[PDB]
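Notes for the structure review
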Amino acid sequence: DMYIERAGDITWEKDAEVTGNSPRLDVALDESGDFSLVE
Amino acid sequence: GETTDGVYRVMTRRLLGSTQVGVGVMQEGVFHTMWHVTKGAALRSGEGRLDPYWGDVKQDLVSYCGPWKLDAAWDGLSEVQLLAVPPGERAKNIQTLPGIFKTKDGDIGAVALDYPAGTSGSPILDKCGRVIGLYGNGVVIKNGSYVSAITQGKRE
Ligand SMILES: O=C(Nc1ccc2c(c1)CNC2)c1cc(F)c2[nH]ccc2c1
């Protein structure tokens, strides 16, 4: 049996830790909702 | 039980101790999460029960208590924040500029941040605080790292 617990408010925070890149990837989506890389 | 708007953890006691399987958004009395987190199963919120209302394995989404309410979309230009709620750790905003998943049916935004699979369902926000999608469904790159799509549902 799964349960839920509140973890916070949904707000944008100014001056948050900025990380991560912006890749452009060729993908396919199958009937099972699974993504795969196309090359 | 608790139906206040906000980000919530999805937990289970089926495994050893209490284990976090995912995250979800509570908005307008509707709990929104990814299908692979719950697999359409009923949820508990204290003494209350949350029954599924809508779901789709291909979109990998599911809503509880009512129809999907989140309709905001990535503008294709601006940075976004992932309000990551990782297992055993406090909720934390992480700003990034999304990339693009190019598909036969059009382009989707994509966030490239590394989090455990239990972080799935964590919302992605725009500068107004609006949920533009959920994190948890994407691809594994050459680096073994994960790149998730910005998955949004449809509001009717
Ligand atoms: O496996 C993941 N996600 C998923 C699982 C099962 C299914 C789907 C997506 C959609 N069809 C069924 C996942 C999610 C994450 F956030 C992650 N972070 C690192 C690795 C990883 C992996």
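Residues numbered from 1 in each chain as written, not as in the entry; some residues may be left out. Chains lettered and ligands numbered in written order. Heavy atoms only, no water.

Section: the overall build of chain B
- Counting its secondary structure elements, chain B contains 1 helix and 15 strands.
- Relative to its length of 156 residues, chain B is compact, with a C-alpha radius of gyration of 15 Å against a globular reference of 15 Å.
- Dimensions of chain B along its principal axes, counting C-alpha atoms only, are 45 × 35 × 30 Å.
- Counting only residues that meet the buried cut, chain B has 54% of its 156 residues in that class. (Helix = DSSP H or I, 4+ residues; strand = E, 2+ residues; numbered from the N terminus. Rg over C-alpha atoms; globule rule 2.2 N^0.38 Å. Buried < 20%, exposed > 50% of the residue type's maximum accessible area, 1.4 Å probe, protein only.)

What to know about the sheet that holds strand β9 (residues 92-96) of chain B
- With respect to topology, 5 strands assemble into an open sheet ordered β2(A)-β9(B)-β8(B)-β12(B)-β13(B), the strand pairing being mixed. The strands lining the two open edges of the sheet, one partner per strand, are β2 (17-18) of chain A together with β13 (131-134) of chain B. (Pairing = 2+ DSSP bridges.)

Considerations on the interface of chain B and chain A
- Contact with chain B, which involves 58 residues of that partner, is made by 33 residues of chain A.
- Between chain B and chain A we count 0 salt bridges in total.
- Our enumeration of links across chain B and chain A arrives at 19 residue pairs in polar contact.
- In terms of residue class, the side of chain B that touches chain A is built from 33 nonpolar, 15 polar and 10 charged. (Contact = heavy atoms within 4.5 Å. Salt bridge = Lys/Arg side-chain N within 4 Å of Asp/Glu carboxyl O. Polar contact = N/O pair within 3.5 Å; in protein donor to acceptor, adjacent residues only side chain to side chain. Nonpolar A, V, L, I, M, F, W, Y, C, P; charged D, E, K, R; others polar.)

Focus: the site of the ligand
- The local shell around the ligand holds 13 residues, among which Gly-33 and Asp-34 of chain A together with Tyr-115, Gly-136 and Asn-137 of chain B are the closest.
- Near the ligand, the surrounding residues belong to chains A and B.
- Here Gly-136 of chain B contributes a backbone N or O atom positioned 3.0 Å from a nitrogen atom of the ligand.
- If the ligand stood free it would expose 480 Å²; the protein chains cover 72% of that surface.
- Partitioning the shell around the ligand into residue classes produces 5 nonpolar, 6 polar and 2 charged. (Near = heavy atom within 4 Å. Areas by Shrake-Rupley, 256 points an atom, 1.4 Å probe, with all protein chains shown as cover.)

Description of the nonpolar core
- Counting 23 residues, the largest nonpolar core has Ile-4 of chain A together with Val-10, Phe-31, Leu-43, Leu-50 and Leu-134 of chain B as the members making the most contacts within it.
- Every element with two or more residues in this core is listed here: β1 (2-8) of chain A together with β1 (6-12), β2 (19-27), β3 (30-34), β7 (61-64) and β13 of chain B.
- When residues of this core are assigned to domains, at least three map to each of domain 1 (6-64) and domain 2 (80-149) of chain B.
- Among residues more than four places away in sequence, those in contact with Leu-43 of chain B are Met-2 and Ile-4 of chain A together with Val-10, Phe-31, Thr-38, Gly-48, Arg-49, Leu-50 and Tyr-64 of chain B.
- Within the second largest apolar cluster, 14 residues are counted, among which are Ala-72, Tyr-115, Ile-124 and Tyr-135 of chain B. (Core = buried A, V, L, I, M, F, W, Y, C linked by side-chain atoms within 4.5 Å. Domains from an automatic or database assignment.)

Concerning the sheet that holds β2 of chain B
- In spatial order, the strands read β5(B)-β4(B)-β1(A)-β1(B)-β2(B)-β3(B)-β7(B)-β6(B); together these 8 strands make up an open sheet with mixed pairing. The sheet is open, and its two edges are formed by β5 (48-50) and β6 (52-56) of chain B, each paired on a single side. Adjacent strand axes in the sheet meet at a mean angle of 30° when their direction is disregarded. (Axes fitted to C-alpha atoms, helices over the stretch in contact; angles between N-to-C directions.)

So, the side chain of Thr-96 of chain B
- Residue placement: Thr-96 of chain B occurs in strand β9.
- Looking at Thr-96 of chain B, its side chain comes within polar contact range of the main-chain oxygen of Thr-19 of chain A, at 2.9 Å.
- Among residues more than four places away in sequence, those in contact with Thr-96 of chain B are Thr-19, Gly-20 and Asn-21 of chain A together with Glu-79, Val-80, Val-111 and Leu-113 of chain B.

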